[PDB]
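# first portion of the complex, with coordinates as positioned in the assembly:
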Amino acid sequence: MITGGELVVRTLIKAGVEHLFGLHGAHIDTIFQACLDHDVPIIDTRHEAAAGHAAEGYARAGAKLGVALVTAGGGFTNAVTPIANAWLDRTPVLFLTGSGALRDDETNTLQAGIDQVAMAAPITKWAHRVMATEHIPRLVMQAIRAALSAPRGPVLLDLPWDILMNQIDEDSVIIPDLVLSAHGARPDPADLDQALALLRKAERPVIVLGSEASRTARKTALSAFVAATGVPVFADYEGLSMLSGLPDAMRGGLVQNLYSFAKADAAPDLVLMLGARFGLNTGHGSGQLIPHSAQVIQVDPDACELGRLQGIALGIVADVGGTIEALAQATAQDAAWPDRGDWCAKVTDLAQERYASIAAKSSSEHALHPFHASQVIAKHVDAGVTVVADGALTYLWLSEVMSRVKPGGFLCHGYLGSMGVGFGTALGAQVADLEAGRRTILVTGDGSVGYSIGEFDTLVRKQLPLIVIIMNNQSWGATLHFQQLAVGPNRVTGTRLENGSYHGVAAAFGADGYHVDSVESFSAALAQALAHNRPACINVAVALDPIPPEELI
């Protein structure tokens, strides 16, 4: 005789999950008991939103399934921002929630009576309420299959208190394996051929990676394909870390710096989009990054994304990882590829030029320029580090130093653009980075850090050595800029935050707190915090007036 909670955890074990992120409630205590018995850690936070964002972080930074665990009612409703974020970001999280007992349904009782499945339906791949304890294993496994397959996304499994506490005889119900191929589907040989023929006869070809390249992590395949063709590779934020293993001469970097190419007479001839959607990060349908004049080969698992905002030449529905593999295989059997050395140097030179351009207009005459601050962070970024970015102006500036470095992970806002998401995200990422030997750095704004500032307590309780760097410009920055730029100099309201010692908050939570206002003071602080196996907060006084290039766009 065992509980439905046991059933959940036994299935999670068989799926290979090793960590869950949650906040306790009576409704879901059978899952806690089971995890205690099985030595499965639940990283318990101070807010369900932080718990959900940790699950995302864990998934995004480890390329794993993330699992979030929340109680009925407010437990679920506090998880909604994570679910929506993961939905837009194509990130694989199983959200497990409690709900009211099915017996005594519709009795106006504690934490019951909200349609949690209806609320999640618009923003999950699947959302469903379990009706019987016996169904737990097959439904947990089905939810996980939905989460993990292309395009990845969140799933909500709602488990009534009733269903969880009820006891059945183990050995009346079978726990299935996760039987799902790890290699995705790949293009038809004729599409691959055509794609390769177009790639071969292009003068200025370019590859753009998006989130699905990251989720599948086919690093050795990518790098064989890139080495054979010499075609320079860009990424949106989520795909960036997939460039870390490529040879320098073909790291184009973040797609944004594709911006100035047209006016340099170097607008790409052809673009191979591998899970990079037409939208915010790729410049919508504007043709400012992905030129209207270019032939586009788009590979996405969702047919809707294929040429959504712009005409394309070849539309392939397939898995991105499977496709990368296929390109490598076809390309190992090839080796008649034109040089592209000149084109690669041009790509390199343009990225380099934007950087030096920015550098030529940055200061400290009584105050630290956000670009200078980002540079200080940049010199510590390599494959042994995951960078998590939050807070508008902060990350638009940070982005300019991200292309020339090679992070193990880079986790920035997706389409949701939700301020505050970073803290939970970074905490989940650090958990995943512990097995891989990486340090997680969170770079956030003074506004954004306030959303989840209580997580400092969690960092100390759980001994997670996350470094939280706050770019402190005394304001909701991008948003203050909008008011001045779009309305007028004296139209600034509700956008100032001229109060609060954030390092003191961290100190009062047990975390090491630093405050800095200079290139040299910040440098020393970050170095000292990296040297300690200890969580930290670095409160960086930074100038507000400078406008990052990406903002004017």
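In hand now; what should we look at? Numbering: from 1, shown residues only, chains lettered A, B, ... in the order given.
# please enumerate the strands of the stretch 201-350 of chain A.
A:205-209, A:233-235, A:251-254, A:270-274, A:295-299, A:314-316 (DSSP state E, counting those that start in this stretch).
# can you name the residues bridging to the residue nearest the centre of chain A?
Nearest to the mean C-alpha position of chain A, by C-alpha atoms, centre = their mean, lies residue A:411 at 4.3 Å. Under the criterion DSSP bridges, residue A:411 forms beta bridges with residue A:388.
# what sits against it?
A:57, A:60-61, A:237-238, A:386-389, A:422, A:425-426, A:429 (C-beta atoms under 8 Å, 6 or more residues apart in numbering). For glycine as for every other residue, the C-beta is placed from the backbone atoms N, C-alpha and C.
# kindly report the same for residue A:155.
Residues in contact with residue A:155 (C-beta under 8 Å, 6+ apart) are A:93, A:94, A:95, A:124, A:125, A:126, A:127, A:143, A:144, A:146, A:147.
# quick check: the gap between it and residue A:236.
Separation of residue A:155 from residue A:236 (C-beta to C-beta, to the nearest Å): 24 Å.
# what's the answer for residue A:314, then?
In terms of C-beta to C-beta, residue A:314 sits 20 Å off from residue A:236.
# what do you get for residue A:313?
Taken as C-beta to C-beta, the span from residue A:313 to residue A:236 is 21 Å.
# who has more neighbours out of these two?
Neighbour count, other C-beta atoms under 10 Å: between residue A:313 and residue A:236, residue A:236 has more, with 26 against 15.
# ok, and the closest non-adjacent residue to residue A:310?
residue A:285 (4.9 Å; C-beta to C-beta, 6 or more residues apart in numbering).
# for the one you found, phi and psi?
For residue A:285, the backbone dihedrals (degrees, to the nearest 10) come out as phi -110, psi 10.
# now the sequence for chain B, which goes on the structure above:
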Amino acid sequence: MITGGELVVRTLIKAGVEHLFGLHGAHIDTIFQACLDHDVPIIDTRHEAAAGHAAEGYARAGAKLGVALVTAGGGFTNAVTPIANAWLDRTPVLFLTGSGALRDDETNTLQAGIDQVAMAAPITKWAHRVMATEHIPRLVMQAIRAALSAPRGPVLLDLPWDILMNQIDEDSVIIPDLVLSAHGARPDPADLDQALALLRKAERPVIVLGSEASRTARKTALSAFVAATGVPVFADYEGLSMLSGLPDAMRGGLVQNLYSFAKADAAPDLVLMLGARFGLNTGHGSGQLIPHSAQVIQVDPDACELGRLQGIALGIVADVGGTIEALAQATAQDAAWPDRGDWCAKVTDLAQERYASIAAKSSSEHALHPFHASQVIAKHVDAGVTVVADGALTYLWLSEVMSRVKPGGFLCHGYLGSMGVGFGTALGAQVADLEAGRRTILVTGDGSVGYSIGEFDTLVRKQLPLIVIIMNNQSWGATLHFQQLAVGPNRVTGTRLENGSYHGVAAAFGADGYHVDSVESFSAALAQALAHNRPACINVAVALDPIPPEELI
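If we add chain B to the chains shown above, we get the following:
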């Protein structure tokens, strides 16, 4: 200057659509005007349900996109049953609906004020309301891409009266092409290898086809793969017609007759499921058709379906058509395949034995046995015929004669099990069959025909030579059987239909009407109607008491 309706039709044209199925309304009259101008026929019915099912029938029988067109309000709400059916049936239909003008939203006006998108969300791949006339082309095309890619399914595009009537200058908005590869994704080489290895070392292997094999229609690939391996092939209803081109010795027929295999000591060793889900048609998780002892290779575009009710050996998420192609390609390069002649003969003999078994207990001592009736239909079934089946007992009987024939199409109930769906389905099918030179026969129940009996008018108006065969047992038959069988002999209520001359109704609508009660009278009637390029109704008096084998299950 052109209308939003023009924009819709121009985009449909470029997608290659050649017929729409609808019922007129003022709200959507711009689409009618445009179709009139471009010579695009709209097949207008007597009920939006019939229109919607016609779109299904056209898609299912032509392996094409089907397009339904309904007005705001009741237009949409009448279309809901077709949407749900297509959803469960993985059938590609674009449902185009009017809705209230966005200007004067929330003014309690005619046909406005129901959230049509919210209603369709639970049963569509995508459902969305267009907000601007300029968006019409990219959104129509996006909707079509979603409909057509794996697994196929319905899509609802809601077009406000406002948005449709409003005029823009053509040449300010571009009409995209349909750029979407026609070949689906295929398995990773290593998964294919493993699948083929398991297939090669099996003793009693079996292939089971489901709806996706049918949507992709890779007939020449399938038959090359079957010819190379000699592996017998079964299908659920929707997959059946895909067996019409295979050599007889490997036509297992409908999956149901896999039922008696276990007790004959011939339970399959291995089963290759190509788009056949675990569910109603495959015997759920019971192992009565797909044995628990068998190794299962499942190929489905939705990872959810992979081993949903039962353990599997290999779970591949890929397109079924692309998979079939890949198996043919790998299998042309092979030709070292074990005989399977004995096994195929065994498959053959079991199917044949079930048939003769049924035949040995069927009569006419004053009344025509439903099996004998089905046989009369069978002798007219070949590649030049699409059979559409409705009505419970009718189709459970019909199913027993469908395995030994080779129809160009077989369209039966799917998971929805919705009585009455057949009439509109057969009407759409007949439209698709006209270019292919086929005849459509509908075989339906006296109950089910009453759902859409007015479509006889549409047959006559539109000169569609459909033959409507009514198995008339004076009742909602299966449903009456349930009452006697599950409750008791004198517990029959609301299930009798002892009234109504259905051939008369057809005659009053201008269609040729026949009434028959015998093997010989029915035979003559069907032959005569097949000989005429004319729609017909054949009212067949048939016995009620007999229980089809499938019913006891």
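# tell me the domain ranges of chain A?
A:2-181, A:182-361, A:362-553 (curated CATH domains).
# helix or strand for residue A:138, just tell me which one.
Using DSSP states H and E, residue A:138 sits within helix A:136-148.
# could you list the contact residues of the stretch 51-200 of chain A toward chain B?
Counting by C-beta under 8 Å from any C-beta of the partner chain, the stretch 51-200 of chain A comes close to chain B at A:121-122, A:126, A:138, A:141-142, A:145-146, A:148-150, A:174, A:176-177, A:179-181, A:183-191.
# PyMOL command to pick out the buried ones of those?
Of those, the buried ones can be selected in PyMOL as follows, counting by 16 or more other C-beta atoms under 10 Å in any protein chain shown:
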select buried, chain A and resi 126+138+141+142+145+146+148+149+150+176+179+180+181+183+184+185+186+187+188+189+191
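# now intersect the residues of the stretch 51-200 of chain A next to chain B with the helices, please.
A:138, A:141, A:142, A:145, A:146, A:148, A:189, A:190, A:191 (DSSP state H).
# flag every buried residue along the longest helix belonging to chain A.
For chain A, the longest helix by residue count, based on DSSP H, is helix A:341-359. Neighbour-count burial for helix A:341-359 flags A:343, A:344, A:346, A:347, A:348, A:350, A:351, A:354, A:355, A:358 (criterion: 16+ other C-beta under 10 Å).
# gap between that helix and the chain center?
27 Å (C-alpha atoms, centre = their mean, to the nearest Å).
# over to stretch A:118-138?
Centroid separation for stretch A:118-138 versus its chain: 24 Å, with C-alpha atoms, centre = their mean.
# count of neighbours near residue A:471?
32 (other C-beta atoms under 10 Å in any protein chain shown).
# contacts only, for it.
Counting by C-beta atoms under 8 Å, 6 or more residues apart in numbering or on different chains, residue A:471 makes contact with A:370, A:373, A:391, A:393, A:394, A:397, A:443, A:444, A:445, A:446, A:540, A:542.
# go ahead and add chain C:
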Amino acid sequence: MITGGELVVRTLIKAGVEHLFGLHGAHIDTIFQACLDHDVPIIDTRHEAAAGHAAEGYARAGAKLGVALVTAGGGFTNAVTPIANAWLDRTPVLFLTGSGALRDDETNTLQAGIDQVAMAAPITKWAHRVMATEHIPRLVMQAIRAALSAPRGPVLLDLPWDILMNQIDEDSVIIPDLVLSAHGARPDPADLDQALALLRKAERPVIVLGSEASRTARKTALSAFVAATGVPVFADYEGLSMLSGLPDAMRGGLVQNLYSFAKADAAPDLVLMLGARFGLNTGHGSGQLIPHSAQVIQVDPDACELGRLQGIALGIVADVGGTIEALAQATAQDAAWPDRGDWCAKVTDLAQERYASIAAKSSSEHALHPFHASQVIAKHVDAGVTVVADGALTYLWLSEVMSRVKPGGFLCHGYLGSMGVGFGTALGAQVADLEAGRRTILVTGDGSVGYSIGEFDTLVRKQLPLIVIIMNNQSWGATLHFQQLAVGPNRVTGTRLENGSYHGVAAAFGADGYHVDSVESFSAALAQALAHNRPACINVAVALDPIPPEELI
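Just below you will find chain C, in place on the chains above:
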């Protein structure tokens, strides 16, 4: 030991329901068995849509709860149009639906796996799935209270097959009474005073009744209020029959004929709206019926409706029935009311003038004018007759003769404006009219009758003596008019219906069939059918070209 189906029926009994309207299915057979045992008739139709509309008709014509009963899957989806119609019409129907068993949820099984509750949520007052058999009584009763209270509306109760078949010991679960006051809430005395003060100092005051006056049927109170004040009373379609008991001199008739009042210098001074919403029937916010210059007193149970499209003077949220009562009570204690005889005559004269105006332009030079046809129906309309109206042009013409007669019921399209709804509606109404001794006449279009033409069978099987009058103009009339009027003379497509003997269809179903083409032939036919306790169809050949005054609007 008893079934959940028993529980449903026992609770329905205690609520006082005496008829259900449904179509049988195995999933809901426990309800059929129970009704058979308790002598509760289920009127079984040929389409769930018809069943649902019958429930509406029964409720709308009897001022009762209507109860509809449909099976899982297609049974529910076919009911959707009735649900939506009842939603916009504020009509009290309990929709009881089957759904798949909760055990074996998510097994891809027959008729399961569509989120029926999600589909109904956007168009019900409450929609809910029952989780335990013990909950059936309290939940049925809850559903009924929701349906019956102000503003009335449809409710969906979803009862899994599981839940219905499962057996419990009766006497372990109590069946509650319907304990819900029959008298609605009434306005605060101060609001009533103010309303009465404004009404007393008005020069040209007017009352407009809507659906909620009809649901509560406070006939004796209304007529005491009207007799005390001498204030003329109008109604939208649904409120019309509430005018049948009032003195002639204060019967303004349908609100539409308030149209010409402004240009006659007689635009109302003040309007007391009793459940009449701003919307389609009251001319939206246009002030063509409810003048912008008038002081408006609006009484509605939904605060949202209060001045939704137009400024009002006094907004009261209360029940319309309770309010009418309160006005009668306050007004019995009053009797100092200004004359209004002149104003009433003026109202009378305007209505009369519109009628004579129309009459002066109607013909038969080879063809029967729709107006003349309506007049033939009018001479049989009194308190002993319920009129049901369908089909666009048909009812816009019929409406012009409705003001001067006094029907026991008038059931016309509401906001949904869904063609075809009439047939089931009239069938339900005739069931309700049987206890009250009334005859039901359906007046419908040739288009609309096609939607549910099979119900002629149901009329014969159930011996319901409905008379179905088809205004046959060989077309979807209003819709063809729109094309000529809005697009052009030769822009007529998919709007013609030049085929089909509708009377023949009725005769083939066992109903008396007539066809007529003249004032005198129609007159004889209608009289003969009224004389027989028998269902009938009168196919009326009617001219198409005439444009009803309401159409130009």
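# just the angle between the longest helix of chain A and strand A:205-209, please?
Interaxial angle of helix A:341-359 relative to strand A:205-209 (axes from the mean of the first three to the mean of the last three C-alpha atoms, to 10 degrees): 60 degrees.
# pull out the buried positions in the helix or strand following helix A:341-359.
Counting by DSSP H and E, the next helix or strand C-terminal to helix A:341-359 is helix A:370-378. Neighbour counts using 16+ other C-beta under 10 Å place A:370, A:371, A:372, A:373, A:374, A:375, A:376, A:377, A:378 of helix A:370-378 among the buried residues.
# for helix A:370-378, enumerate the helices and strands it packs against.
The contact analysis (3 or more C-beta pairs under 8 Å, 6 or more residues apart in numbering or on different chains; DSSP states H and E) places helix A:370-378 against helix A:393-402, strand A:439-445, strand A:467-472, helix A:519-530.
# distance from it to the middle of the chain?
How far helix A:370-378 lies from its chain's middle: 21 Å, per C-alpha atoms, centre = their mean.
# residues in contact with it?
With C-beta under 8 Å, 6+ apart, helix A:370-378 has contacts from A:358-359, A:362-364, A:387, A:393-394, A:397-398, A:400-402, A:404-405, A:441, A:443, A:469, A:471, A:473, A:519, A:522-523, A:526, A:540, A:542-543, A:546, A:548.
# switch to 7 Å and redo it
The contact list for helix A:370-378, computed with C-beta atoms under 7 Å, 6 or more residues apart in numbering or on different chains, reads A:358, A:362, A:364, A:393, A:397-398, A:400-401, A:405, A:441, A:443, A:469, A:471, A:519, A:522-523, A:526, A:540, A:542-543, A:546.
# just want the angle from it to strand A:439-445.
Computed by the same axes, to 10 degrees, the angle between helix A:370-378 and strand A:439-445 is 170 degrees.
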